[PDB]
Amino acid sequence: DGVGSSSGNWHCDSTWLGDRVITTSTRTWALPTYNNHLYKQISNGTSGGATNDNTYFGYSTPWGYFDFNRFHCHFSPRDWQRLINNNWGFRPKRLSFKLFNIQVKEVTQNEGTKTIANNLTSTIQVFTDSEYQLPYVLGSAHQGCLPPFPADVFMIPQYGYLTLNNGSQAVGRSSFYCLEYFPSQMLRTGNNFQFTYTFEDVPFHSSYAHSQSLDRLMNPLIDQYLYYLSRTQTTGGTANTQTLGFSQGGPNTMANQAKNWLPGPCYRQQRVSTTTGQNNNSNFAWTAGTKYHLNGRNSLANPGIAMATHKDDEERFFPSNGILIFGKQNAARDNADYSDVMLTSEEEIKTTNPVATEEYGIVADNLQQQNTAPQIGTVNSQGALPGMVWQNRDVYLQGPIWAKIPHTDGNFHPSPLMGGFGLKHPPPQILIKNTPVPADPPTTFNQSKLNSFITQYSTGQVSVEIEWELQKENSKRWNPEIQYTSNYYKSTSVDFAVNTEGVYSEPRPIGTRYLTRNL
Amino acid sequence: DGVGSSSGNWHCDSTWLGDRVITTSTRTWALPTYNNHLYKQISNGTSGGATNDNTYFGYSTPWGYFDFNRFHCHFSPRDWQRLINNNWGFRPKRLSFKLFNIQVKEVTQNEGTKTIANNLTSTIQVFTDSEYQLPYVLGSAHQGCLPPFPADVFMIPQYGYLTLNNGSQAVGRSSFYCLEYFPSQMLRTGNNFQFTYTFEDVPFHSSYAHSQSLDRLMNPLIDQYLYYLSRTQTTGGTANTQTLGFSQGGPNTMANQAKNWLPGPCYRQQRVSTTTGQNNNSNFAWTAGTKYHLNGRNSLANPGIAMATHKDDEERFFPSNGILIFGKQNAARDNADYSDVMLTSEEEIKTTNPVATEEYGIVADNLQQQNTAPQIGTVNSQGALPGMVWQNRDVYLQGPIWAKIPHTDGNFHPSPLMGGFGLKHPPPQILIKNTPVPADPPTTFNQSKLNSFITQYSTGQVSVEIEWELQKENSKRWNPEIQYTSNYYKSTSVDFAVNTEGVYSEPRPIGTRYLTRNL
Amino acid sequence: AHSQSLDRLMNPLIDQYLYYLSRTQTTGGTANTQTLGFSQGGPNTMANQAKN
Amino acid sequence: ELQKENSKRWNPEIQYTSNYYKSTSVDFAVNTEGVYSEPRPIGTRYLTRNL
Amino acid sequence: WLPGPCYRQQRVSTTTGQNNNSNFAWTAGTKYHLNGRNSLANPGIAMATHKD
Amino acid sequence: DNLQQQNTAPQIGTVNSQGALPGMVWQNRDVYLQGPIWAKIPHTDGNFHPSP
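Residues numbered from 1 in each chain as written, not as in the entry; some residues may be left out. Chains lettered and ligands numbered in written order. Part of a larger assembly, values for the part shown. Heavy atoms only, no water.

Method information in the entry identifies cryo-EM as the source of the structure, with 3.3 Å recorded as the resolution.

This part takes up the overall build of chain A. The helix and strand tally for chain A stands at one helix and 29 strands. Within chain A, buried positions represent 42% of all 519 residues. By sequence separation, contacts in chain A at least 24 residues apart represent 74% of the contacts at least 6 residues apart. Just so you have it, chain A exposes about 28800 Å², and 48% of that area is on carbon and sulfur atoms. One finds the centroid of the 38 positive side-chain charges in chain A at a distance of 2 Å from the centroid of its 40 negative side-chain charges. (Helix = DSSP H or I, 4+ residues; strand = E, 2+ residues; numbered from the N terminus. Buried < 20%, exposed > 50% of the residue type's maximum accessible area, 1.4 Å probe, protein only. Contact = heavy atoms within 4.5 Å. Areas by Shrake-Rupley, 256 points an atom, 1.4 Å probe, with all protein chains shown as cover. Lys, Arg positive; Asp, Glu negative; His and termini not counted. Charge placed at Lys NZ, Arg CZ, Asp CG, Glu CD.)

A tally of regular secondary structure across chain E gives zero helices and three strands. Counted from the first residue to the last, chain E has its helices and strands arranged as β-β-β. A globule of 52 residues ought to have a C-alpha radius of gyration of about 10 Å, yet chain E, at 14 Å, is considerably larger. On the principal axes, the C-alpha backbone points of chain E span a range of 35 × 35 × 10 Å. Considering chain E as a whole, with its 52 residues, one finds that 37% of them fall into the buried category. Sequence-distant contacts, at least 24 apart, represent 33% of the contacts inside chain E between residues at least 6 apart. Total accessible area computed for chain E in this model is approximately 3200 Å², and 52% of it derives from carbon and sulfur atoms. (Rg over C-alpha atoms; globule rule 2.2 N^0.38 Å.)

Turning our eyes to something else, we now look at the sheet that holds strand β9 (residues 160–162) of chain B. Residue and element names in this part refer to chain B. Across the sheet, which stays open at both edges, the three strands sit in the order β3-β4-β9 with antiparallel pairing between neighbours. With partners counted over all chains shown, the strands left at the sheet margins are β3 (40–44) and β9, one partner each. Put simply, the sheet's adjacent strands are angled 25° from each other on average, direction ignored. Strand direction decides the pairing type here: strand β4 (residues 56–60) and β9, joined by three bridges, are antiparallel. Counted as the bridge partner of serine 60 is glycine 160 from β9. (Pairing = 2+ DSSP bridges. Axes fitted to C-alpha atoms, helices over the stretch in contact; angles between N-to-C directions.)

The transform that puts chain A on chain B rotates by 72° and translates by 0.0 Å along the axis, for an RMSD of 0.0 Å. Here the symmetry operator amounts to a five-fold rotation axis. The position closest to the rotation axis in chain A is occupied by the C-alpha of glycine 2 of chain A, lying 6.1 Å away. A share of only 5% of the interface residues of chain A reappears at the interface of chain B, consistent with the copies meeting through non-equivalent patches. (Least-squares fit on C-alpha atoms.)

The interface is formed by 72 residues belonging to chain B together with 44 residues belonging to chain C. When residues of chain B are sorted by the area they lose upon contact with chain C, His142, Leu162 and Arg333 of chain B head the list and together hold 13% of the total. Taken together, chain B and chain C are joined by two salt bridges. Of the charged contacts in the structure, one is a salt bridge between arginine 333 of chain B and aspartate 15 of chain C, with a shortest N-O distance of 3.1 Å. Between chain B and chain C we count 28 residue pairs in polar contact in total. If you tally residues by element for the side of chain B that touches chain C, the top one is strand β18 (residues 297–300) of chain B, at four residues. Grouping the constituent residues of the side of chain B that touches chain C by class yields 35 nonpolar, 30 polar and seven charged. Here two bridges tie strand β21 (residues 334–336) of chain B to strand β2 (residues 34–40) of chain C, and the two strands are oriented antiparallel to one another. Bridging across to β2 of chain C, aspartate 334 of chain B finds its partner in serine 39 of chain C. (Buried area = accessible area lost by both parts, 1.4 Å probe. Salt bridge = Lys/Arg side-chain N within 4 Å of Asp/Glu carboxyl O. Polar contact = N/O pair within 3.5 Å; in protein donor to acceptor, adjacent residues only side chain to side chain. Nonpolar A, V, L, I, M, F, W, Y, C, P; charged D, E, K, R; others polar.)

There are eight pairs of chains in contact here; the most contacts are made by chains B and C. Without any contact between them, chain C and chain E keep their closest C-alpha atoms 25 Å apart.

Along the polypeptide, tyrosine 292 of chain B turns up in strand β17 (residues 291–294). Take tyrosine 292 of chain B: its relative accessible area is 28%, and that puts it in the partly exposed class. Taking the C-alpha atoms as reference points, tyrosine 292 of chain B and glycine 45 of chain B, 247 residues apart in sequence, are found 22 Å from one another. Ignoring anything within four residues of it in the chain, the contact list for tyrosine 292 of chain B reads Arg297, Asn298, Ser299, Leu300 and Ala301 of chain B together with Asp7 and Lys51 of chain C.

Interface size is commonly expressed as the accessible area that is lost once the parts come together. Contacts between chain A and chain B engage 63 residues on the former and 51 residues on the latter. Between chain A and chain B, roughly 4700 Å² of surface is buried when both sides are summed, and carbon and sulfur atoms account for 56% of that area. In terms of surface lost to chain B, no three residues of chain A exceed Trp10, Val153 and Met155 of chain A, which account for 15% of the buried area on that side. In this structure, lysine 449 of chain B engages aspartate 152 of chain A in a salt bridge whose closest nitrogen and oxygen atoms are separated by 4.0 Å. Connecting chain A to chain B are 20 residue pairs in polar contact. Within the residue set of the side of chain A that touches chain B, elements represented by two or more residues are β2 (20–31), β6 (87–110), β7 (113–118) and β28 (456–472) of chain A. Element by element, the count of residues in the side of chain A that touches chain B is highest for β6 of chain A, at six residues. Here the residues of the side of chain A that touches chain B sort into 28 nonpolar, 28 polar and seven charged.

What follows covers the pairing of β28 of chain A. Residue and element names in this part refer to chain A. Counting buried positions along β28 gives 14 out of 17 residues, so the element sits mostly inside the fold. With twelve bridges connecting them, β2 and β28 associate as antiparallel partners. Across the sheet, residue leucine 31 finds its bridge partner in β28, namely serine 458. Across 16 bridges, β6 lies against β28 in antiparallel orientation. In the strand pairing of β28, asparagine 87 is matched with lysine 472.

Turning our attention to unusual backbone geometry. That bond from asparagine 302 of chain B to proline 303 of chain B is cis: its omega, 0°, falls within 30 degrees of zero. Tracing the sequence through the fold places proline 303 of chain B in the loop between β18 and β19 (317–319). Within the chain, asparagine 101 of chain A stands out as a residue other than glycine whose phi angle is a positive 55°. Along the chain, the position of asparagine 101 of chain A falls in strand β6. In this structure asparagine 101 of chain A comes out as buried when scored by relative accessible area, which is 1%.

What follows is the structure in C-alpha cells.
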C-alpha cells in the first residue's frame, strides 16, 4: 500500500470450458462533483405546460453509481456469435467486482489558464447496498453503462430517486434517504475495493425457435376417433330444414380437430407501417396508443407483453409501442428519422404467441333460437386461461440483463417485459463519491455551514468478471441449421469495427434465437 | 517497491566461455502518445495517383512495440570480429528481457512557455503476446531498433497491421484486433517487468566459404573408368560421314567427366553496372525488374533467392534487386546518390550457387534426324532437381536475426530470404502504452465518450540478454587464412567511432564468411 | 482460410532500413543520361519492399 | 480427432447457413417421389487464422 | 500423382544412318553453367532411356 | 500460353525442363555389378533428395 505501486492488473479475457464461460471486462472511469456537494429536491407541476401524466417528486444526490446491466459490456461480438450458435440456454452464476488505481486530481481556474495538479491526500467513498434499503434504479434501462469498445473512457452517472406525489406536492408517506447514513469505505490513492456475489436459482433463457406450431401437432395420415359437429342444415334444395350431422377430424379438415393447448395471452396494439404511404394522415402516436390507467395517470404500455410482431409476408408492419427500438451512431435525441434507428422483430414466437396487431379469437354473444340468428363477438384482450403456453421476449447484444422483482404480495410469471432474468435479489448498487475538501475558513467563528470548496475530480479503473452456465445442443436434425454470419461482399468499412475518425459503431441488432427445437 | 528506490542496474557486458557467449545490452527509451488514444482505419485507393500494385487496408493502434531484431543491438564491433574469425557456426539458445525505472511525466503548454512536471500516480501498460494471436510485424525489416551505440536515447515505434482488401475496400474475411482485449500488466513508477524465452532447435549458420567447387571435386592424376560420347563425324576429308566414337574422362577434359551433384536453383535477374557509362540510356528499374504475380499484383522479388552476385574479375556488376543495400550516415530518403549507400556482395557462394545474372544451363529442343539439325534452348529459371546443393544468404552486422515462418500447410526449406534463422515460434511481441488520464469532466451528465486528455509521455530503461552457442574451427590447413582487419594507415577519424560533432557511424558492411572448409 | 496475404505482411506506418534501386535515368529534359538512384520502401511503394 | 478454434478476432466470422426464404422443397431432404438429393457442394474453410 | 522431374537431353541412334551428318557431341549436349564454365551434365538425373 | 477470347485462339507451350512439383514420385538410377557403391554428400546448407 504505497504511492509508487499499482494495485491491480488489466484483466480482460474470456475462456470457454465446455459447460461454462467466464468473461472479464475492464474500463477506465472518471467522476466529477455533483450538485456542489448538496442534496436537492426536484419536482414538476401540472401548472405551466406539463400535464397530469408527467408529474414527479423526488430528490437528487451528490453520489454516483455503476450500471453494467447490459449484455455487450461483457461479451465481444465474436463471443456472442459463439454463444447463440451452439447453445440452447444460458444463465449466470456468480460475479466479482474490483476498483483500483484511484487518482484524485484538482483543477484551478485563473485568468483562463487551467492548471491541473495532483492531490495525494484526498479520498473517495465507495460502498454497496447489500441489504436492499435503497430505491433500485437499475433495470429501468438508463444510459451510462460501460462502453462497448474497451478503448473508451466513460463518465459515471448521478443517483436520484422518486417517491409518492399528489401533483407536485409530497404527501405523508414520502421518504427522504440520506446516503451518508450508511457505512462506507474510504480510499486514498493506493487502496482498492472488491466484493463477491452469487446469483440465485433462475430458469434458463430459451435460445431457440420452435420448429413446430400449436395447431399442427397431429398426424397427417390417421383420422381421429372423436367427432365434431359439422352440419346443421340439409342440402336437398329449396326445402332446407334443421338436422344434426357429425364427422371426424382428418387430414383435410385439420382446423376442426380436437386439440390440447391454447396460445398465450393477448393485449392488442395498433398496427403501423414503415412504408409511409400506407398510414393514416393523422397524428395518432399518443391518442391511439395502448395505455394502462393507474391512479388517474395514462401511462404507456411499453413494450407490453411478449407477443409476435407480424405474420408471414408482412415484414413491413410493427406495433406502435410493442418492440424495442435501438438507435444507431449519432442519432438525435428528439425527432430522429427512420433511417437513424434499428427496429427489432419478434417473429420467431409466432408459433405459440398471438400476433400483437391482430385479435385473439371469436366468442359467442347471445342464445340462438328459431327466430334469432347467432351473433359473434371479437375479443381484443384476453387474460390467462388454463392450458396456455407462451414464450418470453428475446434478449439482444445491446439489451438489458436483469431486473428486480418488486417485493409485493403476489405476482404472475415474474419475467421482465424488456427481457432478461427476473431476480428477487439482484446485484447490489455501488455508489461512489468524492469527499469534500473545504477552502480556507474565516478567522473568526461562524455557525453556518461551509460552502467554499476545492474543485476536484477523480479517475481510475474498474473490473467485472461474471461466470455463465450453458446448456448444450442435443438435436438429431438432418438438414443444416440457420446460423449468424457476416456479410460476404466488399464494403467501405468493416462491420463492428472503428471508423476512419475513431468512432465505434454497431450496425444491426443481434438476436439469440437461431437454433431450433421441436415443441 | 517505493519511489525512492531504483528497480534495476545497468547491465551491459559480454562474456566468453569456450563454447558459449552471453551478451547484454541496455538502452534508454521514451514513449509518446499515439493517435490521441484512438484506433483508426487506414487505406489507399486505386483512384488518384496510386496504382493497383500499391493498395492496402488496415488499422493503426495507440500502442507501441519493441523491435530488437537486428544483429548490432547485441554485438559490439569488436565482439563481431571475435565471432567471425574463430567459429564455423553460431545459433541462439535463450533470451531474457527486463523493463525498469519507469518515469511518467506531463507537459503543459501555456503562452508558449512549456513546463514539464512529474506525475507520480500514472501508469503504463505492458504485455507479451505469447500465444501468437496477433499479426506479426517483426521480420519485415523495419526501422526503430535499439541504437548501435549505447549512449543514445531512442524512440519507440507504433503498431499497425494489415488485412485483406479488394481495392481500398474491406471484404467479409477482414479482421479487427482490439489490443485491450488481452490481459496486460500495469506499472506505476517503482515497478518492473520481466520474462524468459527459450529458442527451439534450429540449424547452425554456416559461417564459412567453401574452398572447393562442385565441378572440380575429382583427382587430377587418374582417368575415369566410365566413358562419354565424344565424336559423331569422321575427319578424313571431304567425305565426312556418321560414326560413333567414345572416350574416357581424364585430366585434360575435366568438363566431360561424370559428376554426382547439381548446382542450386536459379531465378534469373537483370544485370546493372556501377560504372554509369556502361548502362542503357533508359529507365528500367521497374519495367525490367524481376517480379512475381500474386492476385493481380506485380510485387517485386526482392532480394529473391540466394544466388551469387558476380563471377570473377567482374566486381562492378550487381543484380538490380538481388542484394541487400545499406545506407550510410545521413542518407536521404528519396533519390540517394551512389556514394551514400553501401552495396553488399555475395561472392563467396559462387562455388555451389549459380550467378544471379547469368543463365542456368542449356537443354535440348527437338528430335534430330538425318534432315533436321539439333536445336538448343536456354533455361532462365530452374526449380529444384534431385541432387542439388546450395548455400543460404549471409548475415551481416546490421542485418536481421529471425523471421516467423507462416503457419501454412507446406513449405520448402524455410529459411528467410533476407538471411537469418527461420523460426516457427519466434520471440513474442512486447506492446507498451500509456494509460489515458482525462481532463476535468463536465458537471452535468453526458453519454458521449471523453475526448479531453492530459498530454503525457514516459521514459525508462530496457535490458536484453541473449545466450549464443558456437561451433569451433577444427581445420588442418597449412597456409594462413583470411581474417577481418582494420585499416593500417593514418586517417582523419577512427572507423566505428564518434565524429567531432557526436554522431556514431558505421563505415562498411561486415560479412561473416571468412574461414574456409572443404566441400 | 488465411485472413492475410503474402505481399501484405508489413507495417503500414514505418519505412524500411533497406534500400532498392529505383531510378536509372535523369529527368532534367532532353539531355537525359545514366545515373544510379536508390530509395527506401515505405507505406506508398509497398510492391517494392523486401520480402521473405 | 479435432483441433479447436482459439482466435481473438473481434468482429463475427463467416459461417455456413441454410437459406431463409420459402421454397418448394426442403434442401438436403427427400422429394415427393422419394429421391434424396444434395443441392450444392459444401466446403470446409470458413473460419479464419492469420498467417 | 505426377511423374518425376525432367531435364531433357538429345537423342542419338546406334544405327549410324539415322543420325545427322554433323559433329554435335559438344555443341548440342546438355550442360550446366557454373562460374563461367560449361560443364557437361553427365549422366544427369534419373530418367528413362527409351519408350517401347 | 495466353488467355483465349472470342477473337484469340488458344496457344500451347512445350516444357523442356521441369522442376519438382507437389505430388511427384520417381525412382533412382540402378546399380550395376561394376558400378560404384557410395559417394560423399557435400557438407552444405541444404540439399534435395541426396542420392548420387
